[PDB]
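Have a look at the structure below before the remarks.
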Amino acid sequence: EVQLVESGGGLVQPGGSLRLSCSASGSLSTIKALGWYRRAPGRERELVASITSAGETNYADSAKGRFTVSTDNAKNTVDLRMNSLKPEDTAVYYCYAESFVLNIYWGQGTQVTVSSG
Amino acid sequence: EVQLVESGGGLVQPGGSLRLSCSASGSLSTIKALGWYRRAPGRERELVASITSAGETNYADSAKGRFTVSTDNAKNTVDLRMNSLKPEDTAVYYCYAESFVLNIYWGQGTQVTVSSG
Amino acid sequence: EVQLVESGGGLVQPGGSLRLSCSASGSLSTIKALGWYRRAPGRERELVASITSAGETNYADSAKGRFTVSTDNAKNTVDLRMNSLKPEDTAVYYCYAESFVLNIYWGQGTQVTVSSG
Amino acid sequence: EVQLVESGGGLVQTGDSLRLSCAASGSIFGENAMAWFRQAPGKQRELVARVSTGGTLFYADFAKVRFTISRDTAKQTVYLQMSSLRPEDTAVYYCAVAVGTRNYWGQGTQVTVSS
Amino acid sequence: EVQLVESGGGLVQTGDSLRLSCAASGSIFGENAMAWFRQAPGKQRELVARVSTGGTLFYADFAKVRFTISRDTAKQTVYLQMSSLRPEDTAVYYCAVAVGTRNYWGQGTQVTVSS
Amino acid sequence: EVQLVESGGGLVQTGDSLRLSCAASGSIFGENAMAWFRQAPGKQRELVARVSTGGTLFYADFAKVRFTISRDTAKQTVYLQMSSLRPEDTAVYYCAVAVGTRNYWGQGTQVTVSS
Amino acid sequence: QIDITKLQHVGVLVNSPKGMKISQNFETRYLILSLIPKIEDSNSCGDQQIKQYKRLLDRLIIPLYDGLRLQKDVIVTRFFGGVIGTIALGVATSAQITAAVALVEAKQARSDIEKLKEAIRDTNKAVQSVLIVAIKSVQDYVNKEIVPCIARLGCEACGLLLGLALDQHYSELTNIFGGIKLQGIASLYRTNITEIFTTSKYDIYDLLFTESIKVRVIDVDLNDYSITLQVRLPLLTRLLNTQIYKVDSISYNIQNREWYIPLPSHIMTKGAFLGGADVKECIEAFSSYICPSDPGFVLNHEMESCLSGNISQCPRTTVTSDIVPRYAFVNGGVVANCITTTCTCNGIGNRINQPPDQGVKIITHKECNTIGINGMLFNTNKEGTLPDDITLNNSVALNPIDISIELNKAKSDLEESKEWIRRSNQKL
Amino acid sequence: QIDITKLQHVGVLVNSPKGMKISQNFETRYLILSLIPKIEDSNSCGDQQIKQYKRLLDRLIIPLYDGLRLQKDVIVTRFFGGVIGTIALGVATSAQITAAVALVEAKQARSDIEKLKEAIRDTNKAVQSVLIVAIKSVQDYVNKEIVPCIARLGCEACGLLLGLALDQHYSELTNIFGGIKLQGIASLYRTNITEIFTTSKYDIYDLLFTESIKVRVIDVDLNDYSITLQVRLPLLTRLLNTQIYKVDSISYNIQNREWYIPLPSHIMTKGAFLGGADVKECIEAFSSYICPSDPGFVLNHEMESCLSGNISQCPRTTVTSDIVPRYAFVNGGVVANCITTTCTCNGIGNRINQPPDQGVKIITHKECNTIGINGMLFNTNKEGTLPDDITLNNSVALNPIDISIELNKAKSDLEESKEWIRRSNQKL
Amino acid sequence: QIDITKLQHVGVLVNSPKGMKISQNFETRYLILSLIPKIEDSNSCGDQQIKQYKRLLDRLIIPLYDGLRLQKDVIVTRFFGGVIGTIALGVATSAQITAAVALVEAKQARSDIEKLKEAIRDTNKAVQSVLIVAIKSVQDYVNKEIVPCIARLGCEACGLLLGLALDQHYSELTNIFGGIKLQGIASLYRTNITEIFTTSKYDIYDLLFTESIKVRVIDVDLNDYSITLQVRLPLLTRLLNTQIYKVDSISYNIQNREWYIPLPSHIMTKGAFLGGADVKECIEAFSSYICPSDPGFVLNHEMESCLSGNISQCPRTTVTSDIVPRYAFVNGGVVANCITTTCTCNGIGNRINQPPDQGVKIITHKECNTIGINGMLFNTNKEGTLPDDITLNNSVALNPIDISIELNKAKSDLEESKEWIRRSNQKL
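Residue numbers (the entry's author numbering), protein chains in the order written: chain G, 1 to 9, 11 to 30, 35 to 59, 63 to 72, 74 to 109, 113 to 129; chain I, 1 to 9, 11 to 30, 35 to 59, 63 to 72, 74 to 109, 113 to 129; chain H, 1 to 9, 11 to 30, 35 to 59, 63 to 72, 74 to 109, 113 to 129; chain F, 1 to 9, 11 to 30, 35 to 59, 63 to 72, 74 to 109, 114 to 128; chain D, 1 to 9, 11 to 30, 35 to 59, 63 to 72, 74 to 109, 114 to 128; chain E, 1 to 9, 11 to 30, 35 to 59, 63 to 72, 74 to 109, 114 to 128; chain C, 19 to 95, 109 to 161, 168 to 215, 225 to 246, 250 to 435, 440 to 481; chain A, 19 to 95, 109 to 161, 168 to 215, 225 to 246, 250 to 435, 440 to 481; chain B, 19 to 95, 109 to 161, 168 to 215, 225 to 246, 250 to 435, 440 to 481.
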């Protein structure tokens, strides 16, 4: 079992920046990757970003060269930096942990909304 | 299910002739062959004649060159012409329908008797 | 079923001789071999001697060239001749019958004790 | 589908010889197993001789030396030359050909060893 | 682990010709299956041509004669020479290489058949 | 059924050499697997060397270079030449021969490396 | 057709023959199973258990109904030879075409079933027929026990008993319905085939075969909670001039090695045909085998010639396990490999020696009155009916690795031959 | 990727494609089964049956506990990338390393389970959750029937009924626990997966696959008589550019012989990959196959080239049984070996002749309005979409004996070649 | 006998050895099962259910009796070495001769059984012995529950309960009797082997093996409704100098291809013998395997030489599936194909490179303190005990089609060689 606590969501003006954090606790030595997923109203969840224990990082098609993700092993935190947001980026973001045996764990979820402008 | 109704049985003098008819009703498009079978007192049923949808006809050893069989597709009838009867030909005749999946259907059966003379 | 009755056990002075007999009764035509087994206080049963229907005879490591076994087919008896006994030979001896299908039968067992001297 | 025809039977005197023949036509091609059976009136049918696919000959106890069997693949014909006949050989002889798992029987010729 | 790079796309006039290329480097060795796919904007991805392990060529209905595919095992390079282009060929072309049961996709080059 | 006889043991001085031999007679024929085991007094039995069916030699850690094993198929004889003996080699040596799945053991000769 | 005598010399033993009975045709009868019993009690007792029981049946009836409804259709919709229907799009093998034609033949039957079920809804008979036969799941137990209990015990007392009885039936239904063979349904309803269908003294082997034929579900009714199956009753006919033989191979000695002739478990002779038989799907009676179709299959020409008496062609393989027998009784005598097996004549006092060039020893009552195998003395049968240097060169391997290793050797020899050819062409 | 059109000429038929759904990840939830029910009756009724029932459960609980306790251990005991543990002595394959890592991941869960069980001991709910779900064996039956019986009947009357109810449950437990699949537990407790776990309308195929995944026992408690299992719920994802095709081979004619192309039952195309698929472990839905991992495997180069349209490379083998079909419907038409099968065009009155050099006859609605197979007249489909001398030289045998006999012939020819070389070297 | 160290370099891993315990002899004891219970009630209650129960047992007792009576007989009917009997006509393999001799040995026992059954008819004990042991189907349940119910409830009330109890027993009987293993009977009667037979602390593995030995029905009585079986209790003996080893093959790299050495799952060493073991029929204990007979079988000479340290002879095959492992822990270290598997030393920050000419990388605690497989960091074991250009030329194929395709190539090369010979003879 890996418990995930998310923070940093809310409302932001278009073109602004936001920082989302996810704290993990448990047998993290067994977790292969940590990342973030997104669900939009009317569609299933899709991958946003993920970072492995070796620092290898991949992004979605819409997040390539636009977003970044980082980790801090000492204070056991997962941070997502959101920059150059667009009106279509309003959604609910989740942080996830993937085990070497393909087990996946999800957080409580936080809603991110962007003003129309 | 194919329902078969037989007719034409009874008593006949030796050396005479008889005509047996069998009417079929049902999913006859699935029936592969139509023919007649015979049971004698004290023995199992044996084949007498059969005619396929292509008109190919076969007879028993005792019926070869002695009996004939015919069909009428329009009025959906099966006819058996009995000629040159012998005192040993007295028995019970049945009409049968054989399906492409080897299902067999039998009629009510009619008794044919020949006088000793 | 083969019933085995043993006799000839008891107390004997060291360096003496003893004769043990075992009578068999049953479908002995199916028994492959007849012999004797030994159990000592604090250890499992071990083979002592066995003789086959062909007279082929084998002995244990401690019984080689020291003991002998014999049979009488007419009076249906199994005899064990014990000679040059040692203080370590005190134990319980059993006679056994082994079938061609590997079935084994045991007798009631007789205790053989030797004086310390 | 395969038509089997056999010829060479009929009346024969005791001690004479005959050569039965049987040919196959149709979809039969290549080497095939051929056999000759016999059935006396009022008796069960028995095998006389057989030619396997690879040409290995087989003969029954009554045909060990008196009869000989041969196969002609180019003509799909099986021959049975009865060198020495006896009165008890009087029976119906049936030709049999096997194409794969299917066995085809011919209209058996009749042989009567008269005396 | 295996890196796939493809080059030779871009703008091209109607009726001209192009020669797409795709090379593989890394743990890939020996004969391997290579294929070229295509996906028009707003349309499902389709296969153009494929070279099997043993060199047997395959072509789609639109590539039967207009396109040709070749493989260079020594260089682990697959070529697709588009001899006659039409305006509807405007799409993204993706290189695919299969090493055993693993399939690797490259970053698809874009070809626009201008007019 | 197969009788195994071994010879060549006995007392030997430290640093000398010996050549144990073991022959098989009876229904044994052709190439067969032969092995030599050892069992010190008050110790479990261990393998010295083995000759597989195809002639592949095998040696234990203590026999890597000091001992050599050979097979003579024509005589069904297995030899074990102990080139350099040490006082701890004093033990009973047992010959083993395998014919198919059946394993036959011989009456082990005793070797004492005196000093 | 088979030279039984010569095969003994190579260790191939042919057992007593048996004929063959084949299912040339089948009678088709429909069986309707009504899973909900009728409780005749006017006080409506047991209704609560029946309601709960209905909820439990849904776990089986719904999966079956969904599977039937979503099954692919290969034929889409008179005269003695009219068109059956139109070929549906897709790919349909001969088995699917045959199975679909069978379902088309049941179209008229289904129209009749829909009318009969109305009478089955209110009847209280355990087995009823109008042939089409209908059986109620527990109606017999209800009428004989649960119906008279209400008059003596309270509704509550035996109401719980009805619950446990229905629960047991569900455990049995899910065992068979969770293909389907008529034996399963016969066991589920504890009723004999002769009691279900009144149609025709036949041997136990014939009934066992009838209970072995598969049954197919033609329809499922979610409202009446009933399932109907099509039962095929075979018309067995003896296939004349057809024989099935059992082949047993014993160990054969070649230069102190043990070899055996690999052959099928059963071989068949049908006129001019000789080949193996797949009796694994058939029933073995006292005098014949009952099969749904001809089990024969074509054998390799070397095996067919081997069985035809040319024992020099018989394939041989090394014996690698104790499964292969080393001795067997044949026609009152003993046939054994007397090299690895101790054979004794007229007593254990003397062992018969088998020369290394002889592979199998044949011992007959004309020579030894008593034969002893590993000390098992046996008396020979006086009514039993049991010098050629045979050599077998067709050595074969039963595993792909051995063939691959031998093939690699052949390829290496081919390379050496090609090199020698290159050398000869270059020097000459 | 596959030349479906050309394969028909060699008798290879490719069915309608289906995509693939693969279980890339799994949700992990723990299920606690409490085998001893709680009888709320204040008169302590049923206690005697429960005591006897406990004695019977030991025959299952003790073997499971002993097997778990004596199971070998391959890893012996934070940060996002810390060391999982220390390699234990022995040999451990990748499967055992993966399974052991899964048990390590459950270490934290086990510490939670030990606290939850205390509340399960005194609760009387049939299904309770605190996710971790707990189910009592017969609590629902006890509360709805055995609890109200005590108030109406005597303790003795329905005490025996509780005994039989528990006895039935034991017979079911020993059936599943005597690997374990979630379907077994779901059937044992007669409860749906959606009723057990409140987590996520999904198709019946997805639930059937979830019930097919195996469950592993993490611990057994001998004091509370409870067993806990780890249930994995799959997250299905559609693997883009992945297709699974079904391959059906019909009889092919070569000089009046019957041959067929041996191919896997299912073949897969994934981008540039082409090969067989082991769908035997997968679930087949209406539009996709649900698999736990990629079922693809590499095929022989001759089969891969055969499926790529080079039909001259297709392996062929003699037909030795009636299992191989001789006719099949394809895209509204009929594809059959019209030499051994009677093919009729526009009625039975005329048979279409197939030349001996042609192996398979393709009949389309553009030629024959009605096609008759063995007299089975069928109407062609107007919406269906169904002169080259192809020769196949890659003859192959499916049994080791045939290959061995052919290999012996090749070895004999090699010996003759070597002898001729020796003669040439000696004479020249 | 096995060079465990060298095999690691080719990916062949040998696990920890285990001895072998073989059943050299068996004790024979007869078990009589009486299916009809005795209801001691003087009011004759339950007689109606027993009558119905008898009718249901006939569906099992009659098939068994018919099968036994119609079984073929191979021996037809003292001294320590007298003739067992006369050889019956037919063919009887060694297995049938052995089984028949066992039935002859039971002739004297059958005469005793016929007298004991008379006392079993009127006894009311659940388990009784006079060794010969007899067990009544439900006598324990009847005495403890159904007998005291008559004194409290009415005969009708618990009469129905007896019916359901007997019905449950029938469902279990038909499950086991509908070969037979002692575990089935032990489970059916819910009684331990130590409780049935008072003959001799033995390990659970020994009892599990005893429950695995098959039991044979010696006779069936249609009047007393009883079935008797012969139970064999094994005398296990440790076979000295016998070892069974488990062999695990990992992927081996050759020029970026993946190969593996195909070997049996288990291999055995017995003195001079080395070969595979068929442990599938045996029981695996903590320190030994319990087998009914020697499971050894002869291996191919190339595999026997491969296991003897001549790793150049090891057969190799291409890896065509993910079943074959790519990494495994060995003696505290990691052995893996570090080309297709990412191997990291002292952390993920650096990957160890494996040269293309090296097939397997061996990582020991003396080099890397921590080893990471696909990111799974593991701590090496300090107590673990884990430069040659080895080339393997014995390439082998595991499927008949690949061998046939290669054999066709060899035949074509043979034809070319023969043609070149003909050309050389004609020109020269």
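Built from N, CA and C at the ideal position, the CB exists for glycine as well.
Same chain only: Cβ atoms within 7 Å of residue i, ignoring 5 sequence neighbours per side
i, result
"A/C387", "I401, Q403, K410"
For residue i, three-class secondary structure by DSSP
i, result
"A/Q70", "helix"
"H/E51", "strand"
"I/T35", "helix"
"F/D17", "coil"
"H/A68", "coil"
Cβ shell of residue i (< 8 Å), same chain only, five flanking positions each side left out
i, result
"A/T391", "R400, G421, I422, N423, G424"
Beta-carbon spacing of residue i, residue j below 7 Å
i, j, result
"B/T46", "H/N82", "no"
"B/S174", "B/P55", "yes"
"G/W118", "G/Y105", "yes"
"C/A463", "A/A321", "no"
"A/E307", "A/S298", "no"
"B/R152", "B/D59", "no"
"E/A25", "E/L4", "yes"
Contacting residues, own chain, Cβ-Cβ under 6 Å from residue i (five flanking each side not counted)
i, result
"residue 131 of chain G", "Because chain G in this structure spans residues 1 to 129, residue 131 of chain G falls outside the shown range and cannot be described."
"A/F258", "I332, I339"
"A/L199", "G64, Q67, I183"
Contact test: residue i Cβ vs the ligand GDP heavy atom, cutoff 6 Å
i, result
"C/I172", "Absent from the structure shown: the ligand GDP. Ligands present: none."
| message | So, does the stretch 11-27 of chain H touch the stretch 39-46 of chain I, judging by three or more C-beta pairs under 8 Å? | response | Touching, no, given that fewer than three Cβ pairs across the two stretches are closer than 8 Å.
| query | What runs of the beta strand (DSSP E), each 3 residues or longer, lie entirely inside the stretch 317-400 of chain B? | reply | Counting whole runs of 3 or more residues, the stretch 317-400 of chain B contains the beta strand (DSSP E) stretches 322-326, 337-340, 376-379, 382-385, 392-394.
| query | Is the stretch 94-103 of chain F touching the stretch 14-27 of chain F in the sense that three or more CB pairs, one from each, lie closer than 8 Å? | reply | With the cut-off at 8 Å, the stretch 14-27 of chain F and the stretch 94-103 of chain F touch.
| task | Examine the Cβ distances between the stretch 187-207 of chain A and the stretch 59-79 of chain A and report whether three or more of them are shorter than 8 Å. | result | Enough Cβ pairs lie closer than 8 Å, so yes.
| said: Contact between the stretch 114-124 of chain F and the stretch 376-387 of chain B is defined here as three or more beta-carbon pairs at a separation below 8 Å; is this criterion met? | reply: The stretch 114-124 of chain F, when compared against the stretch 376-387 of chain B, does not touch it at the 8 Å Cβ threshold.
| the stretch 261-268 of chain A contacting the stretch 308-319 of chain A, beta-carbon criterion three pairs below 8 Å | The answer is no - the stretch 308-319 of chain A does not touch the stretch 261-268 of chain A, with fewer than three Cβ pairs under 8 Å.
| task | Answer yes if the stretch 192-212 of chain C comes into contact with the stretch 71-81 of chain C, meaning at least three C-beta pairs across the two stretches below 8 Å, and no otherwise. | result | With three or more CB-CB distances shorter than 8 Å, the stretch 71-81 of chain C counts as touching the stretch 192-212 of chain C.
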